Each structure stands twice: as C-alpha cells, then as structure tokens.
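# Architecture and fold: a report
What follows is the residue order along each chain.
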Amino acid sequence: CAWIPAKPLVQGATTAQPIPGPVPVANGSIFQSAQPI
Amino acid sequence: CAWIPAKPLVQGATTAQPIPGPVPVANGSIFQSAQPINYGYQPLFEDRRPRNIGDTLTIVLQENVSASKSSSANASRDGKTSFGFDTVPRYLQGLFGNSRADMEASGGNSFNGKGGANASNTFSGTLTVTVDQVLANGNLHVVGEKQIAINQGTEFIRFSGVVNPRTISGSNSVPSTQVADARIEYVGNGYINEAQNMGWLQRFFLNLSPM
Amino acid sequence: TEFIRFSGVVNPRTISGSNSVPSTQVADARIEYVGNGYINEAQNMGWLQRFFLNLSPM
Amino acid sequence: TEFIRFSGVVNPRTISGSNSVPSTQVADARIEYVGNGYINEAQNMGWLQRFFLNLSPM
Amino acid sequence: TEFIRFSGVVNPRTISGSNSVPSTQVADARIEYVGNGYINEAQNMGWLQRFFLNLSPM
Amino acid sequence: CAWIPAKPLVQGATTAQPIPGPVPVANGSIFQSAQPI
C-alpha cells in the first residue's frame, strides 16, 4: 500500500542553478545590464 | 533491520578544504584581488528581491481554510375526527340508531430530513524556495523542497507556485496566500508513514461495501 | 417555492422620499403569500377530513 | 454542490455608492437556493410517503 | 490531497489597494473545495445505501 | 463510488501564461502603450 509508486504533487526538479552572467562589453562603463525584457 | 546498508540524506563529503590563494602579482600594490566573478548590476537602495533563475525567496506557509454547509427540511400532518350519538331520540332513530353514523378516524404523516458537510485545513511553516523561471510580465516561478530525517523516518515539504515581485516584503519574504498556483505537499516515509495507511482489505471494503 | 404577490392602487402623494409607501395606503390591496412542495401539501386537510368537516352533523 | 441564483429588475437610483443594492429594492426578484448530492436527496420525501401525503383520507 | 478551485469575473474598481477583492464582489463565482484519499472515500455513501435513499418508499 | 469519474465545478485550465509584450516602436519615446481598448 505504502510501497505503490506515486507521482508527487510537486513534480520535476525542486532547485535551479544560477546562469553565469553575460560577458561585459568593452565600453568604458562599469554599469552593465543584462538583456532587458 | 538496523544493519541494512542505507544512503544518508546528506550524501557526499561533509567538509571542504580551503584552496590556497593565488600568487600575488609583482606590481607594487599590497591589494591583490582573486579572479573576480562579476554578478552584474545590483541596486543599492532597492529591497533585495529574486530577479533571475537560481535566486532564493522565503515563503511563509500560512494557510487557514474552512468551509461548511448544512440544511434540513420537515413536514408534519395530524388529523383526528369523530362523531357519536350517545342518546338518539325516537324520531331520529332510523337515521342515527344502531350507531349507523357513529364514526372515528385518525391519521398522521411525518417527515424529517437533514444533511451537512464541512472541510478545513491549516498549514504553518517557513520554506526557502528557488526561482526557476521568469515570466513575460516579470512574475517568478518558484520551486522548493525541504527534507528532514529525525531518528526513524524522512519527511518532505515541497512547494511550488508563481510569485508577483511586488508582493515580496523587504526581508525577502512572501506569505503563501499570495502565490498564484500554490502546490504545497507535506509527506513522509518509514514505518510511521506506513502505520497511517489503510490495509488493502479495509480500503477495498470502504470502497465496495454496501454500507 | 414561496410566492408573495401584491396588487393595488397607489396615490402618488402618499409615496415617501425614499420611493416607499406602506401597504395600508393602497386602495385595492390584494396580498398573497403561498407556497408549494410537500411542506405546503402537509398543510392541506385530507379529502375525507374535509368532507367530514363540511358534512358531519357535529 | 449548492447553487444560489438571483434574477430581477433594478432601478439605477437605488444603487448605493459602493455599487450595492438590497434585495428588497428589486422589482421581479427571483431568489433560489438549492443543492444536490446525497445531502439534498436525504431531504426529499419517499415516493410512497408523498403519495400518502397527497391521497390519504387523513 | 485537497483542491480549492476558484473562478469568476472581477470588476477592476472593486480591487483594493493591496491587490485584494472579497469573494462576494465576483460576478460568476465558482468555488470548489474537494479532496481525495481514503478520508474522502469515507465520506461517500455506500452504493446500496444511496440506492435505498433514492428508491425506498420512506 | 468515489472512483466514478466526475467533471469539476471549475473546468478548464486554472492558470494563464503572460503574453510577451509588443515590440516597441522606434519613435524616440520611452512611453510605449499596448494596443488600446
């Protein structure tokens, strides 16, 4: 009964890896913005 | 039973060795910086909010739902009727003598039905989840899992949902009642969890018994 | 199901400022409050009992 | 499952500032509150009892 | 497992400053609160008892 | 009894995905308005 395989309520991965940031542009500014949405 | 090999909840090494620092450059400066990892622009006065995939957010699980309904109906009817001629005068004998018109009847009808139902659920806790998607309007899809093993079992608390960025507080917290598609799960294993499962025969009877 | 029906004739000057008039100011007031379902049938005399109530000597 | 149904005719000047009007200001008010499931069937008379309530002499 | 489902139509001007609206301001409000597991099956009538509740004379 | 398939009170999808915003016009204004209704 308790050994029957079941699908959990929250399926899939429960964590996400951070994506490394974009390469900064060689313009002489410290402020670098990611691709805006 | 206790000698059966098992895989612990926290697998792998439980310690890390420090890596020796980079060789300092021969430029005439004491300040030497390790190979920088740029994390992009970071606002100074804005509250710390999750913005990208992999960012963390604190969900305060506080659920309190309670619904109830009840109804009833009834109907009653009682009727009694009688007529008796104790002493009949002579001129009435042929119409009322020998108890020809004496009669007595009674009747009753009763009905009482009722019904009702009620459900409730509460949830209290705190869980840190991670953003795994940013939607077109800026809303963040969040998923999280906490696994605790105390003595003789393992419990899992899983959370999923969609969070509006403007509902997050200044301490990077949002109550669970502000998450759109909130999926909350709190389960466990071990013999404690199997002791809370119906037997197969009892489940079969609960589903197929006439009453 | 319950039905409340009203009919009558109202003088315009008896109507109050909140568009209301008491039922005692309506000339030919017809007021009805009835219902159906088994609740209403439980409040009807049986046919035999009605026959006796109308035709019994006493 | 429970159903609450409402129908009627509303005068615009009876509606309050919070977009609300009491049900006693609606002209042809039809109000219904019903349900289904075994709870609702437990509040129905049996067919034999209804037959007796309608056709019994008393 | 318990499911709480909601559906309806919301007027934008009824929403408060904290992005909240009471459920009594939603036009076609459909509210559902159900569950599964043996807890939910323990609240279902047996088939024979339902058959009797629907077809018994009384 | 409890295994009989049923149609829920709230049918259909219970969530909606945001539609990505319209492409901004190349006029020199930051203010861009979606197709007004």
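What the deposited record gives as its method is cryo-EM, and the resolution it gives is 3.4 Å.

The title assigned to this entry in its PDB record is "Cryo-EM structure of the membrane-anchored part of the flagellar motor-hook complex in the CW state".

The PDB entry lists chain C under the name Flagellar L-ring protein.

Each helix and strand counted, chain A has zero helices and zero strands in total. Its C-alpha atoms give chain A principal-axis dimensions of about 65 × 15 × 10 Å. Going through the 37 residues of chain A one by one, you find that 11% of them count as buried.

This part takes up the sheet that holds strand β6 (residues 183–188) of chain B. An order of β5-β1-β2-β3-β4-β6 (chain B) is seen for the six strands of this open sheet, with the pairing classed as mixed. Both outer strands of the open sheet, β5 (173–175) and β6 of chain B, are each paired with one neighbouring strand and no more. Averaged over all pairs of adjacent strands, the angle between their axes in this sheet comes to 20 degrees, without regard to strand direction. Sheet topology places strand β1 (residues 56–83) of chain B next to strand β2 (residues 103–134) of chain B; 28 bridges connect them, and they run antiparallel. The residue of β2(B) that forms the bridge with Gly79(B) is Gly107(B). In the packing of helix α2 (residues 47–55) of chain D onto the sheet, contacts are made with β1 and β2 of chain B, and the angle to β2(B) comes to roughly 140 degrees.

Contacts between the two partners involve 12 residues from chain D, matched on the other side by 19 residues from chain B. Carbon and sulfur atoms supply 56% of the area buried between chain D and chain B, which totals about 1300 Å² over both sides. Linking chain D to chain B there are five residue pairs in polar contact. Broken down by class, the residue content of the side of chain D that touches chain B amounts to six nonpolar, five polar and one charged.

A few words on the interface of chain B and chain A. Taken together, the contact between chain B and chain A spans 19 residues of the former and 15 residues of the latter. Linking chain B with chain A are zero salt bridges, by the criterion used here. Those elements giving two or more residues to the side of chain B that touches chain A turn out to be β2, β3 (140–149), β4 (154–163), β6 and α2 (191–194) of chain B. Looking at the side of chain B that touches chain A residue by residue, the classes come out as seven nonpolar, six polar and six charged.

Core analysis: the largest hydrophobic core is formed by 14 residues, its most contacted members being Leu57(B), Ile59(B), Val129(B), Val142(B), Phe159(B) and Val163(B). At the level of elements, β1, β2, β3 and β4 of chain B are the ones that each hand at least two residues to this core. Contacts of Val129(B), omitting those with residues within four sequence positions, involve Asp55(B), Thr56(B), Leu57(B), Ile59(B), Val142(B), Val143(B), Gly144(B) and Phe159(B). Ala73(B), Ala75(B), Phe111(B) and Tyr38(C) belong to the second-largest nonpolar core, a separate cluster that totals seven residues.

Turning our eyes to something else, we now look at unusual backbone geometry. For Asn19(C), which is not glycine, the phi dihedral falls at a positive 55 degrees. Mapped onto the secondary structure, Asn19(C) falls in the loop between β1 (2–7) and β2 (30–35).

The two units chain A and chain C never meet; even their closest C-alpha atoms stay 45 Å apart. A gap remains between chain A and chain D, with no contact made and the closest C-alpha atoms lying 26 Å from each other.

Turning to the packing of aromatic side chains, a few remarks are in order. Residues and elements named next belong to chain B. Applying the stated criterion across every chain yields a total of 10 aromatic pairs over all chains. Residues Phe83 and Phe96 carry aromatic rings whose centres are separated by 6.2 Å and whose planes lie at 65 degrees to one another, so their mutual orientation is edge-to-face. You can see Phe83 sitting in strand β1 and its partner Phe96 sitting in helix α1 (residues 93–96), a full 13 residues away along the chain. Across the pair, exposure class does not vary: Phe83 and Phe96 are buried alike. Considering the side-chain rings of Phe123 and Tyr186, the 6.0 Å spacing of their centres and the 50 degrees angle between planes classify their relative orientation as tilted. Of the two residues, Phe123 sits in strand β2 while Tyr186 sits in strand β6, which places them 63 residues apart along the sequence. Overall, the relative accessible area of 49% leaves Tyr186 in the partly exposed class. Put simply, the rings of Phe83, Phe85 and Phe96 pair up and form one aromatic cluster.

About the thresholds
Residues numbered from 1 in each chain as written, not as in the entry; some residues may be left out. Chains lettered and ligands numbered in written order. Part of a larger assembly, values for the part shown. Heavy atoms only, no water. Helix = DSSP H or I, 4+ residues; strand = E, 2+ residues; numbered from the N terminus. Buried < 20%, exposed > 50% of the residue type's maximum accessible area, 1.4 Å probe, protein only. Pairing = 2+ DSSP bridges. Axes fitted to C-alpha atoms, helices over the stretch in contact; angles between N-to-C directions. Contact = heavy atoms within 4.5 Å. Buried area = accessible area lost by both parts, 1.4 Å probe. Polar contact = N/O pair within 3.5 Å; in protein donor to acceptor, adjacent residues only side chain to side chain. Nonpolar A, V, L, I, M, F, W, Y, C, P; charged D, E, K, R; others polar. Salt bridge = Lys/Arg side-chain N within 4 Å of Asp/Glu carboxyl O. Core = buried A, V, L, I, M, F, W, Y, C linked by side-chain atoms within 4.5 Å. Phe/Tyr/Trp six-rings, centres within 6.5 Å; stacked < 30°, edge-to-face > 60°.

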